[PDB]
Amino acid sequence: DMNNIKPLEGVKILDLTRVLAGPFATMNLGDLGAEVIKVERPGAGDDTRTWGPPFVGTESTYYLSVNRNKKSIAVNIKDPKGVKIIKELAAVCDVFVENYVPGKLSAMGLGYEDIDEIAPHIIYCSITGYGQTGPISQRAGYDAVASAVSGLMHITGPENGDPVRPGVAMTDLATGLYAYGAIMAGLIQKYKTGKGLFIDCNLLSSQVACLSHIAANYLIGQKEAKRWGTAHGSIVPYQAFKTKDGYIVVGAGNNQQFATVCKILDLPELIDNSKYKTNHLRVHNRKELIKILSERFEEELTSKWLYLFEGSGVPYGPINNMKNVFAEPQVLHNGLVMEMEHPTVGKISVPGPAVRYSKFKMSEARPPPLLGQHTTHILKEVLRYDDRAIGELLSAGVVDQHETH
């Protein structure tokens, strides 16, 4: 009976997160089989719900992307009766996840000290902009602001050009991945000790840690980084090249690969040229070498280059737009297009799970919940509320229930 079972099956997660960093972490935990309870404000809900267009039905595409495999309960945390519901859920929930500014939930009585009293077992994870404490800890967390402060924006952009930001909020997504792993570490710690712990995850720490070798260049060698566009500082040639109909990324990491690229480009003279004999020589003569290579790539179409580079064994790929990405058979074969049946919106498609496991499949996923969709169900079953009290909560406005259950 244990042949085909998900790892986080039987783990209840109380999710109070909003926007992207938090929901992406709980979504990936939901794929692993955990039961995720999403707490939202009555009427408005998660901020992403209003982030449209694009709007499909009454649901924004932003919200649907990162909120699958969750159940929604609408509770007014500011009301004292709402605080009681959250505490009661915490008693039966293994994990507590929030992404408010430090001290906000504590001011409302939902802080870790408050939750620990009723749920000492609970794994409390807090996602913030800059951390629980510090001089700038009170500032709210924003992806673009954090990438600027953390220094990623400084090193991203065209050479001798203005800084740019990554297209998607990679700082937010990286923090969500840090937390998604950290929460599982808390569960492993919980099994041994029998007690819960507090987790601190923040955008600043996530992005700085990702700087890795680039930051180590300054910490150890006192070397300041610069923007390189699509090129690499230490490897030449390794950049995107403009073509007749698009861009192609071609790289050579050694003389064997460089000779292969030159032959495909019909430029054998470069192989034995003294300026390009070695990688260090190629880096020193980067400006001249790139100009010669760029002239060749422009002469032919991207499709012809992909045909010529087939089986080359060197790094090579095309810059793909959204239409081209999901046209790729490899993307489809990996299951990256995930389709789910939304109760009121119909069939919808979002990016699928990145990770695939041999023992179990995560292809079948629950669609993102409507605002307050499971409010009455969670109260009646999980908290054993009678119908009379639920109606009183509904009339007062403490909780909100959607038309569709």
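When you see a residue number, it is the position in the sequence shown, counting from 1.
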Exercise. For the higher mean C-alpha B factor in the entry, choose 8-16 or 377-385.
Key: 377-385
Quiz item: What stretch has the higher average Cα B-factor here, 140-148 or 88-96?
Solution: 88-96
Self-check item: Residue with highest C-alpha B-factor in the PDB entry, from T175, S126, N255, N320
Solution: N255
Quiz prompt | Most elevated Cα B-factor in the entry, residues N202, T156, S274, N217 | solution = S274
Exercise. Divide the modelled residues of the chain into thirds by Cα B-factor and specify which third, lowest, middle or highest, holds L301.
Key: highest
Exercise. Using the B-factors in the PDB entry, rank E328's C-alpha atom against the chain and give the third, lowest, middle or highest.
Key: middle
Self-check item: CA B-factor placement of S212, once the chain's modelled residues are sorted into thirds
Solution: lowest
Self-check item: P351 - which third its CA temperature factor falls in, relative to the rest of the chain
Solution: lowest
Exercise. Among all modelled residues of this chain, ranked by Cα B factor, put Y247 in the bottom, middle or top third, i.e. lowest, middle or highest.
Key: middle
